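Participant: After the structure tokens below, expect a handful of questions from me.
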Amino acid sequence: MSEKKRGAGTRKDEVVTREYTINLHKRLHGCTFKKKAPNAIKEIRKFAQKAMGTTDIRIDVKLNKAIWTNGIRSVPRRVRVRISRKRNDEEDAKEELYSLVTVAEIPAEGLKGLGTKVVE
Amino acid sequence: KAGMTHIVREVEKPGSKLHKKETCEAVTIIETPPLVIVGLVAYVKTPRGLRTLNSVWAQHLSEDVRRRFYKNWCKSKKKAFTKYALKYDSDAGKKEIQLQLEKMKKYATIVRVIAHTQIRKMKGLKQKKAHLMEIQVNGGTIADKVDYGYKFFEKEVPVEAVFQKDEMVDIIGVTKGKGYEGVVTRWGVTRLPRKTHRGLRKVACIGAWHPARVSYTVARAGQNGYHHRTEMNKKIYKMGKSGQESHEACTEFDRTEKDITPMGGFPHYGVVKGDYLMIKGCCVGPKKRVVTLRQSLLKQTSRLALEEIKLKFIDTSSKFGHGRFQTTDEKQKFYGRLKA
RNA sequence: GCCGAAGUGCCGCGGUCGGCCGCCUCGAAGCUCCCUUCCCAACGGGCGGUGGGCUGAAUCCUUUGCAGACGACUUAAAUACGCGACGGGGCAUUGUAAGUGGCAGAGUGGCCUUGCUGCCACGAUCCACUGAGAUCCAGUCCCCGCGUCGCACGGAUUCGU
RNA sequence: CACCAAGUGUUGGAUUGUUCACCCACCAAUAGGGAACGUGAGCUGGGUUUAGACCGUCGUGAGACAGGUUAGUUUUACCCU
RNA sequence: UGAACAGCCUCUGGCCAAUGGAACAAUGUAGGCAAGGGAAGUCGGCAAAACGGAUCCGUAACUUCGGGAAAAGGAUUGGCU
RNA sequence: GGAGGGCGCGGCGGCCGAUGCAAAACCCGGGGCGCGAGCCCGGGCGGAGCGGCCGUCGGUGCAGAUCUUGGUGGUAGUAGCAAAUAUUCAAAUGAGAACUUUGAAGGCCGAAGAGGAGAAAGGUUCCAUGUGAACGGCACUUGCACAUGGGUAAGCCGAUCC
């Protein structure tokens, strides 16, 4: 899914992946407890939409489990999410990661190598 | 309006029981950058009130008008456009300026200045957009003042050159927008009192039967905040700037050096690291809104302060268990280090 | 050059040029054909001929929070002192985590090699490591760390005296 | 005591449905009047003023009472100004 | 858990259909909390609110001696060993 | 309020006319007449019977009646569609899927249940298959809808018997 560039800025590539930490803690506090978890998942779709510039995101059921396990009224503050951007169809795919607790850093460079492996 | 801080000043009076000694005071801190005066405008008084005859624009505008332009004009600096007139033919434009001098000096024009606020000298305030405005010029004879005014647009004007310390200055701004608010917080009416009641925050009756028309004077809901307001007679305690106007403080008893921003910065404004102006008490507006200071119309003074009242404490508060810059911050950081 | 106003018009010069029964002529005073105002000024506009010149703005989606019921206000982004999520550091909050060690610990079991360091567990809880851990911009602050968007926008649209 | 003057104030409680009333107490002052007896799609519903009911009086009785006493549904604005 | 066929949580059985999305303004409706004061509010404590379970202690003028009585009023209440 | 003189409609006796080569009806910011009631004529639409005049006769002329019956506005695309703790993600299918169906997930009733059944009641609603014209005040390929089929078997259970 076309991260295309021509004449303008870094990155002459299409599909890659990057791991970014997704902010649930904003806007969500303004939202009701009753609608808190379905609002929370919608935030994730919005961030992907802006970043890629593409409307179509499908979000994995594994990601849905992570948000909703705490409940409708309790949502985690942030979750690290992997955002991949693949297909001829042009869909964005998001999934869970793992970390105990630590830091956000330079995952992206290693993930370029990961994206190459999907190909060949 | 940057926010508000506090200052402690050691009074002096005799009428009431307690007087003299330290007193807490609220003070508004305002960032007041030096402002780029663009033009000398000739307004002649008419029996319909003042009428401009022409407006003069500086000889070299190319960044000033280009930051100004997302209101003032529109579009947020995209494709190199939004157009202002380019500087005239060399001796044609100079002749035009001096043609104005003749007109001014025959009817004795009330000299005025168009200036603009260069907010681009500030960084913490997220707006980059200069506000064009009219500030009147006051002084002597018409010939001298106009002549000076031409030379005066070719250079900034600082805080120290417009207000003297101690002065009573009327401060005028537009209040914080609250939104739409009830009768109770718009006119200051009572709640209607009952155990339960089909209207609580309400007025009961809005007129009488025979005048078939609701008065303008009766209290009902509507917008509140974002209103022009004048709040008078504010003592200008201190004018200064970070590094190269003011020092900071004089050490030991006077006070120890404390930057006028609170540590962690002003909530929802930004961090002050520039000009500052201490104006008495509360000031209209939220934070990140234009506030204008304009000299008191009642030049009388009389006795409120009169005498100056040496700055002791600033309360630029870094507290709730610590604080007062540098050393105390280091003490807290000592209980950190490798995860703080 | 003046009148600043609501000057936007007035006054002066000099040729050029039209008009001038101002003055003198020609055929001529007949060209709306023997009552039917029969349109005739010019403030303005329309429309051609030809001599120049002006080389764009605005609006949508998006964004800010300065702002908001929704428009709107007020910021930002199309190639730049440009801009964005995290992290790091500051700032805050609360109060000292997980894990590990301990004649810390009311005590109690159970095996003997029967213990002036007896060992193995159990044990609310306490302490050390640990003013720690967790959270911290959303309407906190900063960065020149890290990667991208940043399509040198084309995607969507409107306007002429 | 009289004048110009509504510019600006003119009160809290106790009790009574009572405004009125009458006290307490402050005070510079605790003026008086009107606006469908201002003010119920703003309220409350305590009074007046329904249907239940008690008592007294009057009435052969049913009932009545400018006599007392209690409990008793407060609808609709989104239209136009 | 606890007296509980109370409430709350869950098993087993049964739904996931209560038009959905966005902002989440005033104003409502429904639910909470408020320093200091404490019914001064109001026709009236209307309901909010507090008390509340139990064990122990303590218990009134009065009374048809059966009661009032859980009078009032206090103290106590864990984890674990 | 009376009397007077007329006009229009329906039908009947008389009398005369008109017609599929276009009657009646209906439409017409088209003409003209009469003070009016009304009339006349043209054009357009239409397709089978009709009108004038003289007598006769009425269930004979409308603006209403908190009118009757039918139609249609503004209201208004406005109030609203807000109780019942709650949805979400991926796949399947299909033209089209927040709602169907399957999984995953989150929940909810919380065993005096939103449960498994019988009474009473309804009467085929049960289930398959077909399937979106109406209807499920959203949607919809789904339905307790519509269409098409099938299904209830008793010496011991009930009625019966008393």
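If you're matching them up, the sequences are chains Cd and CB in order. All residue numbers for the first sequence refer to the authors' numbering, where the first residue is 1 and numbers rise by one. All residue numbers for the second sequence refer to the authors' numbering, where the first residue is 50 and numbers rise by one. A virtual CB, placed ideally from N, CA and C, is assigned to each residue, including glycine.
How long is the line joining the alpha carbons of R243(CB) and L249(CB), rounded to whole angstroms?
Facilitator: Approximately 8 Å between the Cα atoms of the pair.
Participant: My guess is that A107(CB) and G88(CB) are in contact by the Cβ rule of under 8 Å, so how many angstroms apart are they, rounded?
Facilitator: So it is a contact: roughly 6 Å between Cβ atoms.
Participant: Return the residue from the list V114(CB), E71(CB), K136(CB) that minimises the CA-CA distance to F130(CB).
Facilitator: It is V114(CB) whose Cα lies nearest to the Cα of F130(CB).
Participant: Hey, could you find the ends of the alpha helix (DSSP H) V61(Cd) is sitting in?
Facilitator: 61-68 is the span of the alpha helix (DSSP H), which, as asked, contains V61(Cd).
Participant: Since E3(Cd) and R87(Cd) should fall inside the 8 Å C-beta cutoff, what is the C-beta to C-beta distance between them, to a whole number of angstroms?
Facilitator: Going by Cβ atoms, the distance from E3(Cd) to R87(Cd) rounds to 13 Å, so no, they are not a contact pair.
Participant: Tell me which residues share the same chain as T224(CB) and place their Cβ nearer than 7 Å to its Cβ, disregarding the 5 neighbours each side in the sequence.
Facilitator: Cβ within range, chain order: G274, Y275, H276, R278, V333, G334.
Participant: Examine the Cβ distances between the segment 315-335 of chain CB and the segment 284-294 of chain CB and report whether three or more of them are shorter than 8 Å.
Facilitator: Yes: at least three Cβ pairs fall under 8 Å.
Participant: Give me the residue from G226(CB), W236(CB), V160(CB) with the minimum Cα distance to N103(CB).
Facilitator: Among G226(CB), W236(CB), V160(CB), the Cα nearest to that of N103(CB) is on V160(CB).
Participant: Quick one: what's got a C-beta closer than 8 Å to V232(CB)'s C-beta in the same chain, skipping five residues either side?
Facilitator: Excluding positions up to five away in sequence, the list reads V238, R250, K251, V252, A268, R269, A270.
Participant: So, with DSSP's three-state summary, where would you put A389(CB)?
Facilitator: In this structure, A389(CB) counts as coil in the three-state DSSP scheme.
Participant: Helix, strand or coil for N121(CB), going by three-state DSSP, please let me know.
Facilitator: Note: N121(CB) maps to coil in three-state DSSP.
Participant: What is the C-beta distance between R78(Cd) and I22(Cd), in whole angstroms, given that I count them as a contact (C-beta under 8 Å)?
Facilitator: Correct: roughly 6 Å between the Cβ atoms.
Participant: Taking the alpha carbon of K50(CB) as the point to measure from, which residue in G64(CB), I78(CB), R58(CB) has its own alpha carbon closest?
Facilitator: The shortest Cα separation from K50(CB) among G64(CB), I78(CB), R58(CB) belongs to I78(CB).
Participant: If you run the structure through DSSP and keep just helix, strand and coil, what is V162(CB)?
Facilitator: DSSP places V162(CB) in strand when its eight states are reduced to three.
Participant: With a Cβ-Cβ cutoff of 8 Å, do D92(Cd) and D60(Cd) count as a contact?
Facilitator: No, the pair does not count as a contact, with Cβ atoms beyond the cut-off.
Participant: Kindly indicate which three-state DSSP category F47(Cd) falls into: helix, strand or coil?
Facilitator: In this structure, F47(Cd) counts as helix in the three-state DSSP scheme.
Participant: Since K36(Cd) and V81(Cd) should fall inside the 8 Å C-beta cutoff, what is the C-beta to C-beta distance between them, to a whole number of angstroms?
Facilitator: About 18 Å separates the two Cβ atoms, so there is no contact after all.
Participant: In three-state terms, what does DSSP make of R82(Cd)?
Facilitator: Strand.
Participant: Use the C-beta contact count for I106(Cd): other C-beta atoms within 10 angstroms, 16 or more gives buried, fewer gives exposed.
Facilitator: So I106(Cd) ends up on the exposed side.
Participant: Mind checking who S104(CB) pairs with in its DSSP beta bridge?
Facilitator: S104(CB) pairs with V90(CB).
Participant: Considering only C-alpha positions, which residue in the set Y133(CB), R338(CB), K152(CB) is nearest to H109(CB)?
Facilitator: When each option's Cα is compared against that of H109(CB), the closest is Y133(CB).
Participant: Secondary structure at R304(CB), three-state DSSP: helix, strand or coil?
Facilitator: Here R304(CB) sits in strand by DSSP.
Participant: Taking DSSP as the reference, what is the three-state secondary structure of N187(CB)?
Facilitator: Three-state result, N187(CB): coil.
Participant: Using DSSP's beta-bridge definition, name the partner residues of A93(Cd).
Facilitator: The partner list for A93(Cd) (beta bridge, DSSP) reads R58(Cd), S84(Cd).
Participant: Which residues in the same chain as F33(Cd) place their Cβ atom closer than 8 Å to its Cβ, once the five residues preceding and following it in sequence are excluded?
Facilitator: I72, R73, listed in sequence order.
Participant: Would you decide whether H29(Cd) is buried or exposed? Buried here means 16 or more other CB atoms lie within 10 Å of its CB.
Facilitator: Label assigned to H29(Cd): exposed.
Participant: Quick check: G370(CB) and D378(CB), are their CB atoms within less than 8 Å of each other?
Facilitator: No, Cβ-Cβ distance for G370(CB) and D378(CB) is not below 8 Å.
Participant: Whole angstroms is fine: what's the gap from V105(CB)'s alpha carbon to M1(Cd)'s?
Facilitator: About 55 Å.
Participant: Judging by CA-CA distance, which residue of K170(CB), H165(CB), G189(CB), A192(CB) is the nearest neighbour of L181(CB)?
Facilitator: Out of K170(CB), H165(CB), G189(CB), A192(CB), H165(CB) has the C-alpha closest to the C-alpha of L181(CB).
Participant: Exposed or buried, what is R27(Cd) when buried is set at 16 or more other beta-carbons lying within 10 Å of its beta-carbon?
Facilitator: Exposed: under 16 other Cβ atoms inside 10 Å.
Participant: Work out the CA separation of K290(CB) and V320(CB) for me, nearest whole Å.
Facilitator: If I take the Cα positions, the gap works out to 14 Å.
Participant: Between which residues of its own chain and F118(CB) is the CB-CB distance below 6 Å, once the five residues before and five after are set aside?
Facilitator: Only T131 meet the Cβ criterion.
Participant: DSSP three-state label for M53(CB), please.
Facilitator: Three-state result, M53(CB): strand.
Participant: Buried or exposed, going by whether 16 or more other CB atoms sit within 10 Å of the CB of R11(Cd)?
Facilitator: Answer is exposed; the Cβ neighbour count stays below 16.
Participant: How big is the Cα-Cα spacing for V90(CB) and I146(CB)?
Facilitator: Spanning the two alpha carbons is a distance of roughly 10 Å.
Participant: Three-state secondary structure (DSSP) at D193(CB)?
Facilitator: Helix.
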